[PDB]
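Scroll down for the structure; my scribbles are underneath it.
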Amino acid sequence: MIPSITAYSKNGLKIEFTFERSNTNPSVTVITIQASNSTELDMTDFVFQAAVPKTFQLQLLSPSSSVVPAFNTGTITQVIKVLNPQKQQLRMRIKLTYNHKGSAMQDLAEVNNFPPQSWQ
């Protein structure tokens, strides 16, 4: 199968990517993100966004919630589907926005550690 990756890990926020190849369209890879929070305070009004290179197409499904709870007591799960008709190496730019300790937090990062199985 396709191994999971840690996509992001900073400021107590961790985002894991798990992967499955679609059963409907073999050019589609279904990514399930899981966002977790190891700090003492919930991350609220949380929004994950993503963009991929021109040859790819992306569809982001509804997240399970808007709160990444403190102490790792649960996660936010959200699915991203990626269409890669020209079988190029997948890479991504993520944008994370949320409130923590009353402040607006926002980070942009690259995910350039996708496993080959995720796109070959």
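Reconstructed Cβ throughout: ideal geometry from the backbone, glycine too, with neighbour counts over all protein chains shown. No value in this document is a laboratory result; all are computed from the given coordinates.
Under the convention that each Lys and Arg Cβ holds +1 and each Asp and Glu Cβ holds -1, the size of the dipole of the chain around its Cα centre is about 440 debye.
Provide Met43, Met1, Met105 in ascending order of the number of other Cβ atoms located within 10 Å of each residue's Cβ, fewest first.
Values: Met43 25, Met1 9, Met105 15.
Placing the least packed residue first, the sequence is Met1, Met105, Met43.
Can you return the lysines within cross-link range of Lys87? Criterion is Cα-Cα under 21 Å, with same-chain partners fewer than 8 residues away left out. The reachable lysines, counting only those whose Cα sits under 21 Å from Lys87, are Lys54.
Contact order, relative form, for the chain: 27 percent (alpha carbon pairs under 8 Å, 6 or more residues apart, mean separation divided by residue count). Cα-based values for the stretch 1-57, radius of gyration first and Dmax second, are 14.0, 42 Å. A straight Cα-to-Cα reach below 15 Å connects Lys95 with the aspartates and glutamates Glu16, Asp45, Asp107, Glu110, residues fewer than 8 places away in its own chain not being considered. Each label was represented as a point 7 Å from its Cα along the Cα-to-Cβ direction; for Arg91 and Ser62 these points are 3.5 nm apart. A full extension of the chain between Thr24 and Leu108 corresponds to an added length of 27.1 nm, given 0.36 nm per residue minus the alpha carbon distance. Each of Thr55, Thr24, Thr44 was scored by other Cβ atoms within 10 Å of its Cβ. Arranged with the fewest first, they read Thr24, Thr55, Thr44. Computed on the chain, the Cα convex hull volume stands at 95 Å³ per residue.
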